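**Q** Can you keep this structure in mind? I'll have questions shortly.
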Amino acid sequence: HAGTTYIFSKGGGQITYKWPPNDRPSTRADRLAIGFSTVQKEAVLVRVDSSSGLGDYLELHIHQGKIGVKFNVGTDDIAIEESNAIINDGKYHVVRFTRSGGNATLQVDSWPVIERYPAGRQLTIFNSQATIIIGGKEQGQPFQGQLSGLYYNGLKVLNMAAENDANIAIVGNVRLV
Amino acid sequence: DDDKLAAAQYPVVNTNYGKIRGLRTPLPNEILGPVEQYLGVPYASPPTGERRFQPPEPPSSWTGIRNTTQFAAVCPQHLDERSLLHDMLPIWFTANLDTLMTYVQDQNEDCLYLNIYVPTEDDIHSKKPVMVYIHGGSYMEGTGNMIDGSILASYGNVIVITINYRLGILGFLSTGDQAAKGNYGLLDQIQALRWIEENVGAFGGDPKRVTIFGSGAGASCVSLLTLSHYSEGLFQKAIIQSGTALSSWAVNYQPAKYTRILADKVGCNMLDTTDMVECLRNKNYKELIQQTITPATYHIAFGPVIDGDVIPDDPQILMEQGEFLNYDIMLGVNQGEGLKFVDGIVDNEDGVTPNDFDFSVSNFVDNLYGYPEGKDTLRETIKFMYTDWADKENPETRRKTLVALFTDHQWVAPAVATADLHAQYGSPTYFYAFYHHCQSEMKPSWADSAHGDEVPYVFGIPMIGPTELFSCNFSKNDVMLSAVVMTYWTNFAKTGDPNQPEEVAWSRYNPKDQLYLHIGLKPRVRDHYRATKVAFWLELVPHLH
Ligand SMILES: [Ca+2]
């Protein structure tokens with residue numbers, strides 16, 4: 001945390017973006033970056049869900065204490081986790097993300113660039129990127145730690161979360177440090 | 001901003017490739033302002049000597065000023081008065097042709113040039129939008145130069161840009177591999193847009209408000225462009241008039257063989273691709289075009305190949321699911337596009353006869369769906385579907401049904417998917433069925449609005465004492481309609497809603513509802529344009545094999 005900080009907490013505690021329905025980008029490449037600190041066994045950390053009628057989605061998730069991505073742009077679900085790491089302790093980590101189609105690339109703070117290249121023949125594009133659900137409350141499994149200084153395709157999610165700009169929707173047990 | 005008069009008479013716009021000095025010109029209409037014109041501007045480097053059959057590199061650079069004040073020659077095209085691509089051109093061409101050729105003569109391969117129309121009026125309520133026009137035909141003909149934008153440019157206060165792009169044999173030749181991958185045309189087009197993206201600002205333009213729009217066979221490119229690795233960034237909204245990238249004559253699936261017909265027929269027999277391409281390169285902007293290569297009835301010889309890059313897979317599979325971005329898209333087809341389908345077989349009484357109706361269906365199932373040898377069922381089904389069992393005899397009804405098939409099966413039916421698939425994934429999709437047309441000689445008295453009748457209403461020619469090309473006797477209505485048309489076309493380019501920035505509500509298309517706009521003399525909004533018959537072609541048909 002060296003930016004516009006934001007806390008997270010017990011019970012119900014999840015944020016919701018909502019792109020303006022006529023305005024749902026869909027890219028070839030997605031660029032997520034966000035630096036957290038949790039203490040929870042199972043969970044969902046963040047999630048862009050596309051829209052209705054669309055199984056395209058992108059979900060960083062705290063399975064087994066290993067914050068690990070899982071996504072379907074079209075055909076099968078891809079998944080880049082680093083399954084060695086009890087990092088879900090309260091410690092702070094700056095977990096970045098790259099994607100060009102099926103090719104993707106995770107990278108926790110400074111460690112190696114663990115990357116997957118599903119050989120099948122994946123599809124290039126997300127579709128109708130609509131809602132960004134940071135919290136996992138609406139997924140069934142919640143998350144209790146924090147995040148900060150967010151960056152996403154050049155759209156600052158949590159500098160704009162405190163400006164209270166139009167499109168944000170904040171309903172949870174949460175703060176600003 | 002110095003020689004006030006003489007330097008505002010014909011302006012002086014700094015490109016990144018130099019300064020161009022254009023030309024201010026007013027318009028004849030009463031309620032219509034002047035428009036700055038920069039005719040014959042360069043967007044690439046001449047696809048000359050070496051470049052030929054290779055993608056297009058930037059244009060060069062000068063100092064001082066460069067007179068951009070006349071349309072440069074256009075590309076390799078030769079037009080056999082008949083023995084062209086007849087059946088899918090636009091009515092206003094397949095005849096009239098004669099002196100629709102003040103833009104034929106004057107052909108130099110050094111051809112990649114575009115035209116810029118900028119509205120003079122001061123908008124001091126902000127930078128104006130842009131509209132790049134991909135001109136159609138069947139590839140291998142035509143120019144942007146035959147359509148003058150200024151009328152539109154001015155009316156909507158939007159910048160209009162016609163382009164020239166490589167053509168036909170120079171512009172779409174593919175071995176299908178390595179030495180000549182293909183798709184050179186839509187690639188200059190792409191450079192035209194990346195030139196525009198870069199420079200249009202310095203005229204008066206907003207590169208975030210670029211809309212590409214085409215005339216059917218030109219719309220092909222515009223639909224094909226939605227689907228490219230290359231297109232992303234260069235435009236936002238597209239209007240795709242009178243056809244798609246699924247038309248049987250949109251995509252060329254065997255330039256394999258149709259380059260071999262031309263290779264052998266030019267002293268280029270070598271049976272190794274890279275050897276052969278260097279042959280045709282060292283021939284001539286001549287010779288290679290003066291060759292008659294006949295495509296298979298209802299296909300093209302030289303056209304867009306599915307190379308692997310610019311066009312990455314089958315348009316049907318790409319559209320079918322993912323892979324376009326999100327384009328604010330407005331598309332629609334005319335009532336009786338087909339028309340040219342019932343050539344000759346309409347008597348001077350005014351209809352087609354039954355055992356001439358049947359030979360037509362059976363030189364349709366025979367042409368398009370070769371190999372299946374089920375067909376016949378198809379055939380006796382096709383022709384069950386397209387007879388009116390109320391007026392079983394009535395031979396005018398039987399004439400209309402015929403054109404109405406082709407029309408359904410080559411524009412409407414495909415243009416409803418595309419229209420369906422875009423709504424499906426985020427894109428706002430607005431839809432229109434064009435019913436009105438300007439009526440004149442060349443085009444019979446009974447023809448409903450045929451392919452390419454949409455054009456002059458979109459460009460505003462009914463605000464101007466007609467033309468060659470568009471030699472039709474215009475009414476007061478034609479004016480009043482064009483006004484409604486250009487406002488819907490413009491407003492769409494300005495925002496994402498032909499309505500928004502004394503008329504009717506359009507509203508978005510979207511497969512639950514399927515609202516279309518019925519652009520006739522009185523526009524009314526209807527729903528499910530031809531549902532039953534479009535659902536025929538796109539359902540119980542590929543149900544065979
Ligand atoms: Ca997808």
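Each chain in the structure tokens gets a letter, A, B, ..., in the order shown, and its residues are numbered from 1; ligands are numbered from 1 in order too.
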Using only C-alpha atoms and a distance of at most 8 Å, pull out the residues of chain B that contact chain A, as a list in words.

**A** residues 322, 323, 324, 325, 326, 425, 426, 427 and 428 of chain B

**Q** As a list in words, which residues of stretch 1-176 of chain A does DSSP assign to alpha helix (DSSP H)?

**A** residues 160, 161, 162 and 163 of chain A

**Q** Take the residues that were just selected and, keeping C-alpha atoms, output them as a PDB file, in the first residue's frame.

**A**
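Here's the written file result_4.pdb:
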```pdb
ATOM      1  CA  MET A 160     -12.387   6.694  -8.464  1.00  0.00           C
ATOM      2  CA  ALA A 161     -13.922   4.639  -5.576  1.00  0.00           C
ATOM      3  CA  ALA A 162     -13.206   7.556  -3.209  1.00  0.00           C
ATOM      4  CA  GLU A 163     -14.095  10.374  -5.644  1.00  0.00           C
TER       5      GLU A 163
END
```

**Q** I'd like the neighbourhood of residue A:139 as a list in words, where a residue qualifies if any of its atoms comes within 10 Å (using only C-alpha atoms), though same-chain residues fewer than 4 positions away should be ignored.

**A** residues 14, 43, 44, 45, 46, 47, 133 and 135 of chain A

**Q** Quick one: write out the picked residues with C-alpha atoms as a compact mmCIF listing (two decimals), in the first residue's frame?

**A**
```txt
# COMPACT_ATOMS: atom_id res chain seq x y z
CA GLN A 14 -18.09 -6.33 -1.37
CA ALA A 43 -12.65 -16.81 -1.06
CA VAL A 44 -13.17 -14.71 -4.19
CA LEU A 45 -10.96 -11.55 -4.30
CA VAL A 46 -12.24 -9.63 -7.39
CA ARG A 47 -14.39 -10.45 -10.49
CA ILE A 133 -17.26 -7.22 -8.25
CA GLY A 135 -15.28 -8.70 -2.59
```

**Q** Of the residues A:39, A:58, A:170, A:86, which is the one nearest to ligand 1, using only C-alpha atoms and all ligand atoms?

**A** A:58

**Q** Show me, as a PyMOL selection string, the residues that have an atom within 8 Å of residue B:258 when counting only C-alpha atoms, minus same-chain residues fewer than 5 positions from it.

**A** chain B and resi 293+295+301-302

**Q** Counting only C-alpha atoms and all ligand atoms, which residue out of A:19, A:95, A:122, A:80 sits closest to ligand 1?

**A** A:122

**Q** Pick out each residue of stretch 164-317 of chain B that DSSP on the backbone tags as strand (DSSP E or B); I need them as JSON, numbers by chain.

**A** {"B": [205, 206, 207, 208, 209, 210, 211, 212, 213, 214, 215, 237, 238, 239, 240, 241]}

**Q** Go ahead and write the residues just picked, N, CA, C and O atoms, as an mmCIF file, in the first residue's frame.

**A**
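Below is the file that was written, selection-v1.cif:
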```cif
data_model
loop_
_atom_site.group_PDB
_atom_site.id
_atom_site.type_symbol
_atom_site.label_atom_id
_atom_site.label_comp_id
_atom_site.auth_asym_id
_atom_site.auth_seq_id
_atom_site.Cartn_x
_atom_site.Cartn_y
_atom_site.Cartn_z
ATOM 1 N N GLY B 205 -10.932 17.629 -37.060
ATOM 2 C CA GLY B 205 -11.566 16.344 -36.828
ATOM 3 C C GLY B 205 -11.262 15.702 -35.497
ATOM 4 O O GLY B 205 -10.286 16.047 -34.830
ATOM 5 N N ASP B 206 -12.124 14.760 -35.123
ATOM 6 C CA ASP B 206 -12.011 14.034 -33.870
ATOM 7 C C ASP B 206 -11.790 12.556 -34.147
ATOM 8 O O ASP B 206 -12.720 11.830 -34.482
ATOM 9 N N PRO B 207 -10.553 12.101 -33.978
ATOM 10 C CA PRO B 207 -10.222 10.712 -34.213
ATOM 11 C C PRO B 207 -10.895 9.752 -33.261
ATOM 12 O O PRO B 207 -10.831 8.557 -33.488
ATOM 13 N N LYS B 208 -11.504 10.246 -32.193
ATOM 14 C CA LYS B 208 -12.321 9.381 -31.352
ATOM 15 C C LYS B 208 -13.762 9.230 -31.877
ATOM 16 O O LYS B 208 -14.550 8.494 -31.271
ATOM 17 N N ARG B 209 -14.104 9.912 -32.983
ATOM 18 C CA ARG B 209 -15.479 9.882 -33.555
ATOM 19 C C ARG B 209 -15.510 9.516 -35.049
ATOM 20 O O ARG B 209 -16.344 10.010 -35.821
ATOM 21 N N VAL B 210 -14.604 8.614 -35.418
ATOM 22 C CA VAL B 210 -14.490 8.113 -36.771
ATOM 23 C C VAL B 210 -15.461 6.973 -36.987
ATOM 24 O O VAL B 210 -15.495 6.023 -36.208
ATOM 25 N N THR B 211 -16.225 7.065 -38.072
ATOM 26 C CA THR B 211 -17.193 6.044 -38.446
ATOM 27 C C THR B 211 -16.941 5.619 -39.867
ATOM 28 O O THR B 211 -16.885 6.453 -40.755
ATOM 29 N N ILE B 212 -16.782 4.324 -40.085
ATOM 30 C CA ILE B 212 -16.567 3.838 -41.431
ATOM 31 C C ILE B 212 -17.882 3.275 -41.952
ATOM 32 O O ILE B 212 -18.603 2.598 -41.217
ATOM 33 N N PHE B 213 -18.211 3.587 -43.206
ATOM 34 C CA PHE B 213 -19.483 3.158 -43.800
ATOM 35 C C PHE B 213 -19.358 2.896 -45.270
ATOM 36 O O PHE B 213 -18.649 3.614 -45.962
ATOM 37 N N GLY B 214 -20.057 1.871 -45.745
ATOM 38 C CA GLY B 214 -19.835 1.369 -47.092
ATOM 39 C C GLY B 214 -21.082 1.072 -47.890
ATOM 40 O O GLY B 214 -22.161 0.912 -47.334
ATOM 41 N N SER B 215 -20.909 1.007 -49.206
ATOM 42 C CA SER B 215 -21.962 0.595 -50.140
ATOM 43 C C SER B 215 -21.863 -0.912 -50.458
ATOM 44 O O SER B 215 -21.326 -1.322 -51.512
ATOM 45 N N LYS B 237 -17.525 3.495 -34.681
ATOM 46 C CA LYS B 237 -18.864 3.136 -35.142
ATOM 47 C C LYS B 237 -18.808 2.779 -36.619
ATOM 48 O O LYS B 237 -18.072 3.389 -37.383
ATOM 49 N N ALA B 238 -19.578 1.790 -37.035
ATOM 50 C CA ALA B 238 -19.640 1.497 -38.458
ATOM 51 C C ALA B 238 -21.077 1.369 -38.920
ATOM 52 O O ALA B 238 -21.907 0.808 -38.186
ATOM 53 N N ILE B 239 -21.366 1.912 -40.113
ATOM 54 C CA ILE B 239 -22.653 1.710 -40.773
ATOM 55 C C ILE B 239 -22.393 0.788 -41.936
ATOM 56 O O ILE B 239 -21.541 1.067 -42.770
ATOM 57 N N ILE B 240 -23.135 -0.308 -41.994
ATOM 58 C CA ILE B 240 -22.854 -1.355 -42.956
ATOM 59 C C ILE B 240 -24.035 -1.590 -43.862
ATOM 60 O O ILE B 240 -24.882 -2.445 -43.595
ATOM 61 N N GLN B 241 -24.051 -0.836 -44.959
ATOM 62 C CA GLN B 241 -25.221 -0.737 -45.823
ATOM 63 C C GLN B 241 -25.237 -1.779 -46.925
ATOM 64 O O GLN B 241 -24.302 -1.867 -47.713
#
```

**Q** Pick out the residues sitting within 10 Å of stretch 432-448 of chain B, and hand them over as a VMD selection string; count only C-alpha atoms, and ignore anything fewer than 4 positions along from it in its own chain.

**A** chain B and resid 91 to 96 241 to 242 330 to 340 350 396 399 to 400 403 412 452 to 457 462 470 to 475 477 to 478 481 506 509 515 to 523 525 to 526 529

**Q** Neighbouring residues of stretch 29-33 of chain A were defined as those with any atom within 7 Å, considering only C-alpha atoms; residues of the same chain fewer than 6 positions away were excluded. Please report them as an MDAnalysis selection string.

**A** chainID A and resid 95:101 150:153

**Q** What is the distance, in Å and to one decimal place, between atom CA of residue B:283 and atom CA of residue B:268?

**A**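 So the answer is 9.7 Å.
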
**Q** Looking at B:305, B:279, B:140, B:318, which one is nearest to ligand 1, with distances taken over only C-alpha atoms and all ligand atoms?

**A**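 Closest residue, counting only C-alpha atoms and all ligand atoms: B:318.
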
**Q** Between B:351, B:541, B:416, B:321, which one has atoms that come closest to ligand 1, using only C-alpha atoms and all ligand atoms?

**A**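 Among the listed residues, the smallest separation from ligand 1 belongs to B:321.
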